[PDB]
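One chain comes next, on its own, written as structure tokens: the form deposited in one PDB entry.
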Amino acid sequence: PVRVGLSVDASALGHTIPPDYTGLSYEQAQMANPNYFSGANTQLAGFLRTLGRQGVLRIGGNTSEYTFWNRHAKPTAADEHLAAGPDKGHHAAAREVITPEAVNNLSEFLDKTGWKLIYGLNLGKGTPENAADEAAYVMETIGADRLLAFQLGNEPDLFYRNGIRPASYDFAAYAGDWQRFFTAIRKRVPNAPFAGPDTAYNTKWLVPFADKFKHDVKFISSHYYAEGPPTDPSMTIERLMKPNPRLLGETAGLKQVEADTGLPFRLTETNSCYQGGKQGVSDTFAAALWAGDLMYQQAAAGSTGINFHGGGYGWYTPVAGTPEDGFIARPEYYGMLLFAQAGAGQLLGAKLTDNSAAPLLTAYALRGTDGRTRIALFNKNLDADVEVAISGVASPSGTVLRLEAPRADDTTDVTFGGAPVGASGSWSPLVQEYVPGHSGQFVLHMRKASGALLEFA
């Protein structure tokens, strides 16, 4: 093993993680099926509760430009069996209708989970008046306490690429659209909250959006995929475990926006690989390590939260399935589960030394809201075991829950705390293990391509 030092500093205060930090993002097309986001969907509701007692459900995505609210519509027989996976971006999605029934059923789903809602409106192809009407029904049925924000279009900077607007569409044009929709909506719903611009940090769209619309939104909404442009070497597990300088830069950009406008930021759509994911990467244990680490990295940067995109049986979905067939936890879910068990609190200094031979090991220390110290570690080195000598924690007893699979590319065999997640998100730890050492010096071994959560008495 590579022998590294980890030094915890209870005085090096970072950010406080909010209790609604975790979340999921889904395609708005899924709302065509009123059985999906329903009070009767107890299995899916159970998977969300396990991910956190508070969190945020975001509904939007490319399909939000192809979904059309109608106050008189009833779902058809095909609609009652629709499971809309992440949009693969290769062409126009099918047209779908959203019904009062689906909205009513969403409000019951949110009551069963305890989660809040970010809800997409159709700015790509709809009308301001139909958006106002949809926003009104959502506000009537869901309420201002569970409705966090509406968003007016998804990835407007990509409308051109995907046939929704002409090549010439730019931020100026988008700001005109945004204003027309904001104005119509606010007439019907004077207390409507908004977030935007619902894409990746950039200077042509995100920076001017925040300057112009800072008094009209509650927070900035940004997207992030670890996969870079279509021209890069395609994503591998190896690459996914390494730092992404684009991420660090886009995160800084978001912090500067915050400094300039007062607006906080949330990562409203993210996953490993775009266009639904890549088989052999996105659907593997490696995605658990990537996702768990990402949650922590963005939290330490001052992010208000996250929403991992998914649905259907897409390669990157945290939860897979249907109401007819049932739901299961995919490998990525286990990384979010580790964050769920750690809980909220305030991040602390945790400096790694002696680690140039194991450079993809990361570590985050947290003072829990219950007063206990926790450490989340991700050994993302694919070929190096580690031995971590831990100082700066005094406690009579540490325990470890391990995040494991037998290989980094496994599509199954994933456990946390020595147990799989069962039906309806059911999980409890079955193997807990004391961390050797004592107050001021603890010693933790970790295999290559594993994770761990340490909780100190």
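One rule holds for the numbers: they count along the sequence shown, beginning at 1. Only the largest set of C-alpha atoms that superpose within 1.5 Å between the two forms is called the rigid core.
There is another form of this protein, the form deposited in another entry, and it is not shown here; the text below is about that form.
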- Query: Relative to the superposed core, which single residue of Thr183, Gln279, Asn104, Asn202 shows a CA shift of 2 Å or more between this form and the one not shown?
  - Reply: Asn202
- For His438, state whether the C-alpha moves by 2 Å or more between this form and the one not shown after rigid core superposition. yes
- Query: Once the two forms are fit on the core, has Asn130 moved its CA by at least 2 Å between this form and the one not shown?
  - Reply: no
- Query: Is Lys74 among the residues whose Cα moves by 2 Å or more between this form and the one not shown after superposition of the rigid core?
  - Reply: yes
- Query: Relative to what is shown, are the Cα atoms of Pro34 and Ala78 closer or farther apart in that other deposited form, where the gap shifts by 3 Å or more?
  - Reply: closer
- Task: Looking in that other deposited form, decide if the C-alpha atoms of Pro229 and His90 are closer or farther than in the form shown; they differ by 3 Å or more.
- Result: closer
